[PDB]
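Working notes, structure below.
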Amino acid sequence: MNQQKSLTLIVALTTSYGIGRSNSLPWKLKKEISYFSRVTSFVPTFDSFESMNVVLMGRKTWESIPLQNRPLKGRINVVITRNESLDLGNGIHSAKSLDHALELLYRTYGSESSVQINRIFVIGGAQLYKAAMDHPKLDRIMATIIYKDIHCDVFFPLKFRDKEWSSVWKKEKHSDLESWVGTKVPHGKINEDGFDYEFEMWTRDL
Ligand SMILES: NC(=O)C1=CN([C@@H]2O[C@H](COP(=O)(O)OP(=O)(O)OC[C@H]3O[C@@H](n4cnc5c(N)ncnc54)[C@H](OP(=O)(O)O)[C@@H]3O)[C@@H](O)[C@H]2O)C=CC1
Ligand SMILES: CN(c1ccccc1)c1cnc2nc(N)nc(N)c2c1
């Protein structure tokens, strides 16, 4: 009683699949973070009476977030680590794998509980992204494509926008991005502190 919900991956990456620098983001793009926050937080009106989304993230990503911004507010946060240690935790769930997270989530927020899960997002680590791309339930990438070869030292693990992956991964119409996301979303290049970036949505049949 586990594999009912698909997973969505959300990432901002350069054209050379760069995602990370010295354990942080290699840009500072306030509107891109606003998009990330709205997408990961958005629940249909009828359902936000008790439903919330889930953000699953790697322990190095969790450590990368400024303390003022943990746990990611208004979403259920779950940190994936092989080391059942202590992320001294507000209510900070921890699991040793992406499947252990889902089990913990379905156990914790059951069809009877006061808080109910709406959508489930994987928000990073390269290492956690790698696990997600291998997961049979993952069917959607909310990608922010950043059009600058920004120097990075951590890379998204699977070239999903490249030719070799084009039979599996398909980029959806911008109107299809909107209603999945449930809001008007800028179409085309956005410019914030020197780079062009744009919002994309890719899917892969289960
Ligand atoms: N969209 C973007 O642009 C994003 C960029 N980032 C950036 O990504 C970089 C971090 O990526 P990365 O270093 O790969 O870090 P991760 O966040 O993937 O954290 C890696 C660690 O988390 C745990 N982990 C990850 N996957 C699994 C798994 N499948 N099973 C069990 N444990 C797992 C392990 O923790 P342990 O060692 O405790 O066993 C692993 O050592 C940072 O620069 C951050 O800024 C992060 C999110 C988004
Ligand atoms: C890790 N992260 C973050 C979030 C809040 C504060 C500092 C860092 C972050 C920031 N922006 C993100 N943008 C997208 N499109 N996808 C992600 N997984 C993103 C993740």
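Heavy atoms only: backbone and side chains are in, while hydrogens, waters and symmetry mates are out. Sequential numbering from 1 along the given sequence is applied to the chain's residues.
Residue pairs meeting the side chain to side chain donor-acceptor pair (under 3.5 Å) criterion with at least one member in residues 85-97, sequence neighbours excluded, are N83-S85, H93-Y109. Sequence neighbours left out, the pairs with a member in residues 196-206 that pass side chain to side chain donor-acceptor pair (under 3.5 Å) are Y147-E198, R161-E200, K171-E200, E172-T203, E192-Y197, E200-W202. Listed by first then second residue, pairs satisfying side chain to side chain donor-acceptor pair (under 3.5 Å) with a partner in residues 50-59 read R59-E63, not counting sequence neighbours. Listed by first and then second residue, the ring-ring contact (aromatic ring centres under 6.0 Å, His included) pairs that reach into residues 42-63 come to none, sequence neighbours excluded.
Taking 4.5 Å as the limit, every side-chain heavy atom of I146 sits out of range of all side-chain heavy atoms of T15. Contact annotation: the side chain of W27 never approaches that of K148 to less than 4.5 Å [non-hydrogen atoms, C-beta and beyond]. With a 4.5 Å cut-off on side-chain heavy atoms, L29 and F36 do not count as touching. Using a 4.5 Å heavy-atom cutoff, the side chains of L177 and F199 are in contact. By the 4.5 Å heavy-atom criterion applied to side chains, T108 and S113 are not counted as neighbours. Side-chain contact between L98 and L56: present, with at least one pair of heavy atoms (C-beta onward) separated by less than 4.5 Å.
Cluster annotation: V181 is connected to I190 through the hydrophobic network of ILVMFWY side chains, with a link wherever side-chain heavy atoms come within less than 4.5 Å. The hydrophobic cluster containing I19 also contains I80, counting ILVMFWY residues as joined when their side-chain heavy atoms lie under 4.5 angstrom apart, directly or transitively. No continuous path of ILVMFWY side-chain contacts below 4.5 Å connects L7 to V79, so the two sit in separate hydrophobic clusters. Tracing side-chain contacts under 4.5 Å through hydrophobic residues (I, L, V, M, F, W, Y), one reaches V11 starting from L158; they form part of the same cluster. At a threshold of 4.5 Å between side-chain heavy atoms, the hydrophobic network of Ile, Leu, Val, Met, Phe, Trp and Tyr places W169 and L13 in one connected group.
Of the possible polar contacts, one joining the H174 side chain to the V185 backbone as a donor-acceptor pair under 3.5 Å is found. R21 contributes no side-chain N or O that, together with a main-chain N or O of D153, makes up a donor-acceptor pair within less than 3.5 Å. A donor-acceptor pair under 3.5 Å is absent between the side-chain atoms of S64 and the main chain of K60, judged by distance alone. Counting only distance, with no hydrogens or angles, the side chain of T14 and the backbone of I150 share no donor-acceptor pair below 3.5 Å. A donor-acceptor pair under 3.5 Å is formed between the side chain of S34 and the backbone N or O of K31. In this structure, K73 contributes its side chain and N69 its backbone to no donor-acceptor pair below 3.5 Å.
The CZ atom of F121 sits 9.0 Å away from the CZ atom of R140 when rounded to the nearest 0.5 Å. Rounding to the nearest 0.5 Å places CD of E112 at 8.5 Å from CD of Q116. Considering CD of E32 and OG of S37, their distance stands at 11.0 Å, rounded to 0.5 Å. Atoms CD1 and CG, from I65 and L25 in turn, are 9.0 Å apart once rounded to the nearest 0.5 Å. Rounded to the nearest 0.5 angstrom, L102 CG and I120 CD1 are separated by 5.5 Å. Taking OG of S48 as the reference point, atom CE of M52 lies at 11.0 Å (rounded to 0.5 Å).
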Side chains of residues 124-138: which donor-acceptor partners sit under 3.5 Å, not counting sequence neighbours?
from	atom 1	to	atom 2	distance (Å)
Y129	OH	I10	O	2.7
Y129	OH	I123	O	3.1
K137	NZ	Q3	O	3.3

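Shown here for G20 and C152, the closest heavy-atom pair between the two residues is O-CB, 3.1 Å. Between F155 and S16 the shortest heavy-atom distance is CD2-O, 3.5 Å. Between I76 and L105, the shortest heavy-atom contact is CG2-CD2, 4.0 Å. When all heavy atoms are compared, the tightest approach of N118 to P44 is OD1-CD, 4.0 Å. When all heavy atoms of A95 and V78 are compared, the pair lying nearest together is N-CG1, 4.4 Å.
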Discussion item. Determine whether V122 and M57 satisfy the following criterion, side-chain contact (heavy atoms from CB on, under 4.5 Å), listing intermediate values before the conclusion.
Written reply: CA-CA 6 Å; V122 166; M57 80 200 74; over 6 Å; no
Fill in: side-chain contact (heavy atoms from CB on, under 4.5 Å) assessment of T183 paired with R38
CA-CA 9 Å; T183 71; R38 168 183 326 162; 3.3 Å; yes
Item to complete: Show your reasoning for whether side-chain contact (heavy atoms from CB on, under 4.5 Å) applies to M201 and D176.
Response: CA-CA 8 Å; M201 178 177 86; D176 287 339; 4.3 Å; yes
Fill in: side-chain contact (heavy atoms from CB on, under 4.5 Å) assessment of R119 paired with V43
CA-CA 8 Å; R119 264 163 181 182; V43 187; over 6 Å; no
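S6 pairs by the side chain to side chain donor-acceptor pair (under 3.5 Å) definition with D139, not counting sequence neighbours.
Classified by interplanar angle (parallel below 30°, tilted 30° to 60°, perpendicular above 60°), the ring pair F160/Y17 is perpendicular.
In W180, the CH2 atom is crowded: over 12 heavy atoms of neighbouring residues, nucleotides or ligands sit closer than 6.0 Å.
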